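Working notes for the structure below.
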Amino acid sequence: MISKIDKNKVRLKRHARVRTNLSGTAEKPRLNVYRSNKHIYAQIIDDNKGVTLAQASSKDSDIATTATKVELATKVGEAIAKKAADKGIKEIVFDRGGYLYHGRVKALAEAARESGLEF
Amino acid sequence: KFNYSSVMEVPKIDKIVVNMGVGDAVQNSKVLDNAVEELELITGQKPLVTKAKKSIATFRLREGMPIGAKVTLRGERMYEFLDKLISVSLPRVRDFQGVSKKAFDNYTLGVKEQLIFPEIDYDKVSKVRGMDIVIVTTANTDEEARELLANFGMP
Amino acid sequence: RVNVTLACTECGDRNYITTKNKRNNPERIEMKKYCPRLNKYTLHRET
Amino acid sequence: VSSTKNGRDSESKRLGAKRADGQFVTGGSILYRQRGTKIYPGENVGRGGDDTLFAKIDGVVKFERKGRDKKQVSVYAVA
Amino acid sequence: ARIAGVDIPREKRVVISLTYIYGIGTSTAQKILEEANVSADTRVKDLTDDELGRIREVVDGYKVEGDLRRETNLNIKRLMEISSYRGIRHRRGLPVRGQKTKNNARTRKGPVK
Amino acid sequence: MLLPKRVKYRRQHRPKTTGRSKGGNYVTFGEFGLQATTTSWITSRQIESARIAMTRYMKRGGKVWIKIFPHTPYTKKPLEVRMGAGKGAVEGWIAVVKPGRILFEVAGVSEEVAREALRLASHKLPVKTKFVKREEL
RNA sequence: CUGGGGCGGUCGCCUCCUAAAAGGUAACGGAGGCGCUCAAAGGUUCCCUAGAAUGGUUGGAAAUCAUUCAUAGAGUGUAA
């Protein structure tokens, strides 16, 4: 009786392996992105200290809108872009958690690229 | 039916894996492709490199490190394969037994004692090839699996 | 396993020497090295 | 007429630690010479081609634990 | 074709297909098909479109069908158990008609030797 | 005649003889046994010589246990040649025994019969022994 | 060179034990190797992870497997 495997478990493992040579540090903070089966969350974290200074999700009250299930990501990326533009919108390291770079993440990743985020 | 507390604890049929045994192409240059087409003649899929020629797990003649073929069929193709297994695969067998352990290839202990390609009759075949079809199910018990082995299809 | 001298087309100097298997690759090796004098990744060829 | 066949041996490679803990070192100074990853590199500490631990910033050495059964050496800029 | 469901022999003698089929040992193979132009040139299903149909009508019209003949033959086994012969107490063991248990071994019925 | 089926190295370094017995200082198989009080090397020839002298007087009337087995082989240069030419060939197998280590163990026989059988096997051993019984206090 | 010389055997480099928890340390002390190979066995990006025993080739009791244990038991061009 072949048993199924958790999707978050494997993802976490992969994410940990990619976080062995990449971390935020004030000037260059890491942009962690959490993609669920409903919405997507993103927040600029500073590993050096260990405190967040940004927040953007697809389940936000100013983001919640019947889209095409991919347009939200674009808005999410532009939403945090302006928030990050207020203070600290220069060189930043983009973290793809543990998922692939192709898909909804790509749209959210390029969303800040066209916003001005030098990354 | 048998006291399932929810409508999701009912067992399912996990997968269906089968193809030819050795088909040793070290002296059978085209028999490899012939058996590949024979496996493609039951269900149309490219044949890969694995041991998918058993009735269950592994408990037969030893050797190891071979070079056979295998096929993965688990969707509505699997349902059609079972339909053809009740039509052409019960033309020559006509003998429903019962077991839930191992057979040909905790397994890894054999790769022999299989069928002889009965549905592949010599109407377009050059030989007979062991193609035992391992049964993969979501069965939590071998006797519950036997209850499903007679359920909806030949004992 | 013998020695190989990647000749240049403009440089004219053998400042790139490598090794290879004649039984493995009997054809002439052609890679893109960098000649300082020309200061440009040029296509070198084995003599 | 008894014979022998065990009189061959290679040279000894001075391995081990080269800097003590709490000692001031300058960037580029070797801290450890080993055959593998006996001690992992910490902060401001790179690994060489022969698995040699060296410092990149001038400061004091600090041997600490990394994980639960692995050691690591780091260097701090604070004089 | 549909003479036996799944044609065993292929591309060979036309009367060689009835040799693999049980019920005939090439003794009445050319005495069953008597249709017009019922020849054979080493081509069972080759160079032929309509010929098996008449062979399936003469095989069904004959006293023996093909499975009923073996049905009564496999039903007289217990019918010949009236303390007579027909290997009453021979098949059970190993000895067979001819008393070849002393001349040699039991080639007829022998589990392991 | 007791020796390992196979060993990684045929040349050891001679086991050290100091301190007390590491383990095996209590009888757990029979009721009576022979306990050593001195340190010395026990060869296989002596081990089998004492066992044959014990069973001979026991007339196959009990069970005997050997808690020692030659694990280290020792070499020896024959015909006393000049020193310095490499190690010699294996001569036999020995076993280091420290004070407080049980040697033999008898069971299923008279208490006075085991006291006489063990005394006969102690005359073929090069170490001072002592008769002891299963302790329980 | 050499537990007198001769005869034999050795003479350079690599790993372990002797070596006495830093490093170093001898004997004609105890064990093994090298005198290369590779155009991918290189670089970078990405993704993966043995042995037991039951549908039995009278069976090598390990066909190229189903999924339990794997918990790494493997695997690494080469000796440790």
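From first to last, the protein sequence lines stand for chains M, F, A, U, d and K.
Quick note, the first sequence lines up with residues 1 to 119 if you use the deposited numbering.
Quick note, the second sequence lines up with residues 19 to 123, 127 to 176 if you use the deposited numbering.
Quick note, the third sequence lines up with residues 2 to 48 if you use the deposited numbering.
Quick note, the fourth sequence lines up with residues 15 to 93 if you use the deposited numbering.
Quick note, the fifth sequence lines up with residues 2 to 114 if you use the deposited numbering.
Quick note, the sixth sequence lines up with residues 1 to 137 if you use the deposited numbering.
Every residue gets a Cβ at the ideal spot worked out from N, C-alpha and C, and that includes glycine.
- For residue 107 of chain K, the nearest beta carbon of chain U is not closer than 8 Å to its own beta carbon.
- Contact annotation for residue 10 of chain d against chain F: 143 [CB-CB distance below 8 Å, chain order].
- A direct Cα-Cα distance of roughly 7 Å separates residue 133 of chain K from residue 33 of chain K.
- Residue contact with chain U for residue 85 of chain K: present (Cβ-Cβ distance below 8 Å to some residue of chain U).
- Proximity of chain F to residue 6 of chain d at the Cβ level (cut-off 7 Å) is accounted for by 109, in chain order.
- The count of Cβ pairs closer than 8 Å, one atom from the region 23–32 of chain A and one from the region 149–163 of chain F, stays below three, leaving the stretches out of contact.
- Residues of chain K whose Cβ lies closer than 9 Å to the Cβ of residue 66 of chain U do not exist, since the nearest Cβ in that chain is about 34 Å away.
- The distance from the Cβ of residue 95 of chain K to that of residue 71 of chain K is about 6 Å, consistent with a contact at the 8 Å cut-off.
- Residue range 44–58 is occupied by the alpha helix (DSSP H) that includes residue 54 of chain K.
- Annotation: residue 32 of chain U to residue 47 of chain U spans about 8 Å, alpha carbon to alpha carbon.
- The continuous stretches of beta strand (DSSP E) do not include residue 15 of chain M, which lies in the alpha helix (DSSP H) extending over residues 7–18.
- A direct Cα-Cα distance of roughly 29 Å separates residue 49 of chain K from residue 87 of chain K.
- According to the DSSP secondary-structure assignment, residue 112 of chain K is paired through a beta bridge with no residue.
- In terms of Cα proximity to residue 25 of chain K, the closest of K:127, K:101, K:78, K:111 is K:101.
- Taking 8 Å as the cut-off, the Cβ atoms of residue 57 of chain d and residue 4 of chain d count as close.
- Residue environment: residue 45 of chain A is assigned as buried (16 or more neighbouring CB atoms within 10 Å of its CB, all protein chains considered).
- Counting along the chain, residue 83 of chain F sits inside no alpha helix (DSSP H), nor does DSSP assign it H or E at all.
- Look at residue 74 of chain d here: in three-state DSSP terms it is helix.
- When the Cα atoms are used, residue 37 of chain M and residue 106 of chain F turn out to be separated by approximately 44 Å.
- Around the beta carbon of residue 109 of chain F, fewer than 16 other beta carbons sit within 10 angstroms, so the residue counts as exposed.
- Contact residues of the region 151–164 of chain F toward chain M are 157, 158, 159, 160, 161 (C-beta to C-beta distance below 7 Å).
- Nearest CB-CB separation between residue 120 of chain F and chain M: not below the 8 Å threshold.
- The C-beta of residue 35 of chain K has 16 or more other C-beta atoms within 10 Å across all chains shown, which makes the residue buried.
- Counting along the chain, residue 31 of chain K sits inside no alpha helix (DSSP H), nor does DSSP assign it H or E at all.
- Separation of the CB atoms of residue 52 of chain K and residue 97 of chain K is rounded to 19 Å, and the pair is thereby denied contact status at 8 Å.
- Put simply, the region 75–91 of chain F touches the region 129–139 of chain F. At least three CB pairs are less than 8 Å apart.
- For residue 32 of chain M against residue 95 of chain M, the beta-carbon gap comes to about 5 Å, under 8 Å, which counts as contact.
- With respect to the 8 Å criterion, residue 48 of chain A and residue 6 of chain A are classified as neighbours on the basis of their beta carbons.
- The region 12–73 of chain M is shown to contain whole beta strand (DSSP E) runs of 3 or more residues at 30–35, 40–46, in chain order.
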